[PDB]
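Residue numbers (the entry's author numbering), protein chains in the order written: chain C, 2 to 116; chain H, 2 to 116; chain W, 2 to 102; chain F, 2 to 104; chain G, 9 to 292; chain D, 8 to 164; chain A, 229 to 309.
In this text, a Cβ means the ideal position worked out from N, Cα and C, and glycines have one as well.
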Ligand SMILES: *[C@@H]1O[C@H](CO)[C@@H](O[C@@H]2O[C@H](CO)[C@@H](O[C@@H]3O[C@H](CO[C@H]4O[C@H](CO)[C@@H](O)[C@H](O)[C@@H]4O)[C@@H](O)[C@H](O)[C@@H]3O)[C@H](O)[C@H]2NC(C)=O)[C@H](O)[C@H]1NC(C)=O
Ligand SMILES: *[C@@H]1O[C@H](CO)[C@@H](O[C@@H]2O[C@H](CO)[C@@H](O[C@@H]3O[C@H](CO[C@H]4O[C@H](CO)[C@@H](O)[C@H](O)[C@@H]4O)[C@@H](O)[C@H](O)[C@@H]3O)[C@H](O)[C@H]2NC(C)=O)[C@H](O)[C@H]1NC(C)=O
Ligand SMILES: CCCCCCCCC
Ligand SMILES: CCCCCC
């Protein structure tokens, strides 16, 4: 199981970006894909989770509306879309996947976003 | 039912020896094979037990880490292995087999160890 | 569990009654086995559950007792009955014999 | 639920022993993970459920503690142990990490 | 205390609550479970299933079943005291039908160790489902699985793991006809992420090899024989038009009924099999 | 003595009889002399390799806390409804493969408790035993079908 | 009995004339065709067993004797010229 993300991003304040998380190794509709935030100066922070087959999601209260989880079984990938970017959205966004618990034992390379 | 052990053993203080117990009359993975210890100056003493098909064992407290029970369905034989031999291992080692209870109604000829 | 036989040695002529006591530390059950080991060979089962006879033990071997006190009585003691006699408790995980006799 | 590592930085030396704390707020469970992120790469799991190890973690990593207080512990630091260590509580919906501790 | 122990242990005394899992609001409950299979047969290609009588055993610590009264290490109990204690609510994700055995008593086994470890053995028939690839049917090697899964507890309250050594155990004389169960059995995880969270799963792979001796008699030899006598029409005289035509006209239908007979023993699968491209070529 | 009052003092309501505790608890094993009476074989199928048969599985054991000094009868035939409140050995069939009690018009159970504690337990059971047969000489074969009366929850001790 | 009857059925070709080609041809072919179905009919309830049974080597040998007479006639016309 090896998760793969998209390249870096450079977006302007107010726009919206869609970070993908390619699932190379397993069907995307099989496990819960998670999404984390790591802004420098602070530590990591869990955004939410999505099950790419059932359309179920669980957003953090702090990130409601800001994050929009989707998925596409046509290519085994789960998408996240950040709407209304600001200066407080400059960080690295990971897409972990805990299998045997709520921990994060699988990880993506990290999508850097500079707004 | 019959149990054929190995021949006489002669090991040096500090080495390890593996004693066999050949089963001739029944599948070795059928009954619990018990391992006893007869030393001159004392009576018998129960080492442990191994079910050669399930890899389950019940070692006596005194012999944990000293005896290692294994088996090989290819040869219908159970193996006991004593490690870290000292002068307190010189005795006769049996492989009894109680079928209808926790007694010992079947026996082997007895292997003689000298350390 | 400790299976403490009282006497180590016992000798008597043919046709005698001998009580080989085997007193345990715990009232496990009536589960006690009695083994005969002639010098130079594997032991053999004589009595199990303190009263029964293994296949091939012809007469003159009777167990008894309960709780923590037992006995292996023999009356028609032939010359082939002077050997090692082990009492064995099989009502617990760590199996222990007696002190021989 | 708020986790709290009260030490952003800790002093240490090669081959020595160090105890990293993560004093949670509530008594969630013994559910606490420990991650290691080398600068430039994704974090990696070390100790999930506060005492178990991940497939590949060296033997020198040990977890302990229960209730609120927890602790990661190394024994023999190699040339690949001075990095950031995050404690994660996974006994609730918001999977909040700790403040991180640079070794 | 010969019988008050069973009351003070669980039920009617000490306030044992069989609805609350062991170590509530603590770490999950690792349930080490192993399997003993009595019978393993009735492997039907038509239904894609197999029936396997097994004894499902499983151990789990339960800190409120630790006693200080009897000096015994373990302590066998009556199966009637097996409905008054907690039990992991596992099932079989590919069950497809499974029933207990109540023949003369509930075939249940309870054993509460000195510290709280609870052995739990039960007998199950469990006609599991085995989706089998028949691309090379007469000489294929299938893999029938067995998924032990939790249902009502996520992977924060109940976790399953196989016995570390000797998890799947086969009976001695267990020899199913038309197959041979390989001694190697793959034990892997099958953790299920459902809509409601993280759910425990652990499966056991069974590798089966089809005994080709049967199909070598009913399938290949008759069609092989039917192709042979089609060759001896060349040795007969060519002027005997009706006699020569009599061979092929009956052998063409002969292979046709033979090819049809290789279907009732099999399901109605879309792709072509190893025997179909034998019967078809012999029909050619 | 008003046997409604006797069935409650032998077992059931009073006298403190626990059907969960084996007889001779922490004592010798409860030996069970058991025999069978086969009503009918049939359906010996080579396809499934099994065969059904209904039997009257009779099994006797000594339960010392069922000894009575009230009625001078040798034995005492009881009601099968008084059969769920006493200890019973939990034997199964290792080649059971489908077996069921018979509930037709009543419980097909029998229970007579001798004057010393003995217990005759007769039950009517149909069961499709598994008979692995060797068909090397099928038309002239001589098979051998078995039934294994095994215990499940109680060890040999 | 049915397999025994068909084996004796195919033997009447040895008496009828050789020049009657469609007679002896179709007879030996029909008999071998039927034994191929009779042997297949010996698995109504028998399990899919790997080894050979006792009735299997009876239907097979009776099958082996029915087309042997067939190809026997194949040599007769061949030996005729
Ligand atoms: C409780 O649930 C746990 C899951 O959360 C499970 O416990 C873990 O199970 C795995 C495998 O099933 C074990 O992995 C093995 O452990 C050995 C240990 O080696 C050491 O063994 C002795 C122990 O005293 C030690 O002295 C030696 O020096 C060895 O170093 C590892 O070396 C291997 O990786 C092997 O895979 C885990 O060890 C085990 N956890 C712990 C803490 O032991 C299991 O389902 C349940 N276990 C219990 C005890 O309840
Ligand atoms: C459960 O408990 C016991 C252990 O399993 C067993 O009970 C014993 O059952 C036997 C019959 O199977 C009773 O037999 C006794 O035998 C003695 C010996 O006399 C015979 O001895 C000579 C040989 O020297 C023999 O050839 C003759 O036929 C003699 O008849 C008799 O004296 C007794 O009267 C009685 O018949 C035992 O009495 C009985 N044990 C006890 C303590 O009563 C059995 O397995 C189960 N119980 C029963 C009742 O079967
Ligand atoms: C099966 C009988 C064949 C005999 C043919 C003999 C041919 C001789 C030329
Ligand atoms: C084991 C024998 C296989 C061949 C049957 C014709």
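Relative to ligand 1, even the nearest heavy atom lies 6 Å or more away from the CB of residue 77/C. With a cutoff of 6 Å, residue 248/G does not count as near ligand 3, since its C-beta is closer than that to no heavy atom of the ligand. Under a 10 Å Cβ-count criterion, residue 263/G is classified as buried, with 16 or more other Cβ atoms of the shown protein chains found around its own Cβ.
Cβ-Cβ distances below 6 Å link residue 44/W to 36 and 38 in the same chain, with the five nearest sequence neighbours on each side left out; the list follows chain order.
A Cβ-Cβ separation of about 6 Å places residue 44/H in contact with residue 99/W under the 8 Å criterion. For residue 272/G, the secondary structure class from DSSP, reduced to helix, strand or coil, is helix. Cβ contact annotation for residue 8/D (same chain, cutoff 7 Å, sequence separation greater than five): 77, in chain order. Straight across, the Cα-Cα distance linking residue 48/F with residue 55/F is about 6 Å. When the Cα atoms are used, residue 13/G and residue 85/G turn out to be separated by approximately 11 Å.
Residues of the same chain with a CB within less than 7 Å of the CB of residue 105/G, apart from the 5 flanking positions on each side, are 135 in chain order. Taking a C-beta distance under 7 Å as the contact criterion, residue 84/F and residue 61/F do not qualify as a contact pair. Nearest Cα to residue 68/G within the set 137/G, 287/G, 48/G and 119/G: 119/G. Listed as beta-bridge partners of residue 47/C by DSSP are 37/C. Cβ-Cβ separation between residue 93/G and residue 156/G: approximately 20 Å, too far for a contact (criterion under 8 Å). No Cβ of chain G is located within less than 7 Å of the beta carbon of residue 231/A. Each residue's CA atom was taken as its position, placing residue 77/H and residue 131/G some 28 Å apart.
The Cβ-Cβ distance between residue 102/F and residue 4/F does not fall below 7 Å. When Cβ-Cβ separations below 7 Å define contact, residue 102/W makes no contact with chain D. The contact set of residue 144/D on chain A, defined by CB atoms closer than 8 Å, consists of 281 and 282 in chain order. For a Cβ distance threshold of 8 Å, residue set 298, 299 and 302 of chain A lies close to residue 240/G, ordered along the chain.
A distance below 6 Å between beta-carbons, with the five flanking residues on each side excluded, links residue 27/W to the following residues of its chain, in chain order: 2. DSSP places residue 289/G in the uninterrupted alpha helix (DSSP H) bounded by 284-291. With a 10 Å radius around the Cβ and a threshold of 16 neighbouring Cβ atoms, residue 6/C comes out buried. Annotation: residue 84/H to residue 46/F spans about 38 Å, alpha carbon to alpha carbon. Counting along the chain, the unbroken alpha helix (DSSP H) around residue 12/D starts and ends at 10-17.
In chain order, the residues with a C-beta atom nearer than 7 Å to some heavy atom of ligand 4 are 221/G, 224/G, 225/G, 278/A, 279/A and 280/A.
Distance between residue 65/H and residue 103/H, taken at the CA atoms: about 20 Å. Within chain W, no residue has its CB atom less than 8 Å from the CB of residue 77/H, the nearest being about 19 Å off. Where residue 229/G is concerned, the enclosing alpha helix (DSSP H) starts and stops at 229-237. Between ligand 1 and residue 169/G, a heavy atom-to-CB distance of less than 6 Å is present. Between the region 84-94 of chain H and the region 29-43 of chain H there are three or more inter-stretch CB-CB distances shorter than 8 Å, so the stretches are counted as touching. In terms of Cβ geometry, residue 113/C and residue 17/C do not form a close pair [threshold 7 Å]. In this structure, ligand 2 has no non-hydrogen atom nearer than 6 Å to the beta-carbon of residue 123/D.
Excluding sequence positions up to five before and after residue 27/H, its CB lies within less than 6 Å of the CB of 2, all in the same chain and listed in chain order. The Cβ-Cβ distance between residue 121/G and residue 82/G falls below 7 Å. Across the region 76-100 of chain W, CB contacts with chain D closer than 8 Å involve 91 and 92, in sequence order along the chain.
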